[PDB]
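> Chain order of the listed sequences is FFF and AAA.
Quick note: to get the authors' numbering, add 305 to the position in the first sequence (first position is 1).
With the authors' numbering, the residue at position 35 of the second sequence is 35, and numbering never jumps.
Beta carbons: idealized from backbone N, C-alpha and C, even for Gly.
Have a look at this one before I ask anything.
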Amino acid sequence: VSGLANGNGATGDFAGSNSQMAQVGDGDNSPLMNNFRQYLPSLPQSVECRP
Amino acid sequence: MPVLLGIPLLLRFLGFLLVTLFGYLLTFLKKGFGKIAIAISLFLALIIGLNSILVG
Numbered sequence: 306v307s308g309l310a311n312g313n314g315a316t317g318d319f320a321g322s323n324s325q326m327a328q329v330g331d332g333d334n335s336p337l338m339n340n341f342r343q344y345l346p347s348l349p350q351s352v353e354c355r356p
Numbered sequence: 001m002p003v004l005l006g007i008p009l010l011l012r013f014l015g016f017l018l019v020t021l022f023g024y025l026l027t028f029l030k031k032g033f034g035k036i037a038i039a040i041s042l043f044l045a046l047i048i049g050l051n052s053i054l055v056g
């Protein structure tokens, strides 16, 4: 239960949730919340000012 | 150290019951750690499930 939170891993009966907890993620990168990023509205960029 | 004819068998039996009963407590402990495995699994499966609906 400590290894499914530290990110060290779990061996035993808690060995199925080691692939469910890889989808959650670690830090800023989350495989689950990066599925939403192929569908982001395309906003224009920033260029210098022309009259 | 002289003793009567039945005392040594009362003393061996009072430690057979103890090991048998302490054997059952182990079996039940292991079962309850299996419930917390099922529970965690379920939760994380419901999250991964909602994701697939919403992104669709």
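#1: In terms of residue numbering, what span does the alpha helix (DSSP H) encompassing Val329/FFF cover?
#2: So, helix, strand or coil for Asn313/FFF, using DSSP?
#3: Name the chain AAA residues whose beta carbon is nearer than 8 Å to that of residue 399/FFF?
#4: List the endpoints of the continuous alpha helix (DSSP H) containing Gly32/AAA.
#5: Under 7 Å between beta-carbons, which chain AAA residues line up against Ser322/FFF? List them in chain order, please.
#6: Output needed in chain order: residues of the stretch 330-354 of chain FFF with a Cβ under 7 Å from some Cβ in chain AAA.
The answer reads as follows:
#1: Against the first sequence, residue 329/FFF aligns to sequence position 24. From DSSP, the alpha helix (DSSP H) with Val329/FFF extends over 326-329.
#2: The residue given as residue 313/FFF occupies position 8 in the first sequence. Three-state result, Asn313/FFF: coil.
#3: Past the edges of chain FFF, shown from 306 to 356, lies residue 399/FFF, and the structure says nothing about it.
#4: By one-based count along the second sequence, residue 32/AAA stands at place 32. From DSSP, the alpha helix (DSSP H) with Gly32/AAA extends over 17-54.
#5: Counting from 1 along the first sequence, the entry for residue 322/FFF is found at position 17. Going along chain AAA in sequence order, the residues near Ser322/FFF (Cβ under 7 Å) are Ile40, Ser41, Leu44.
#6: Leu337, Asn340, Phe341
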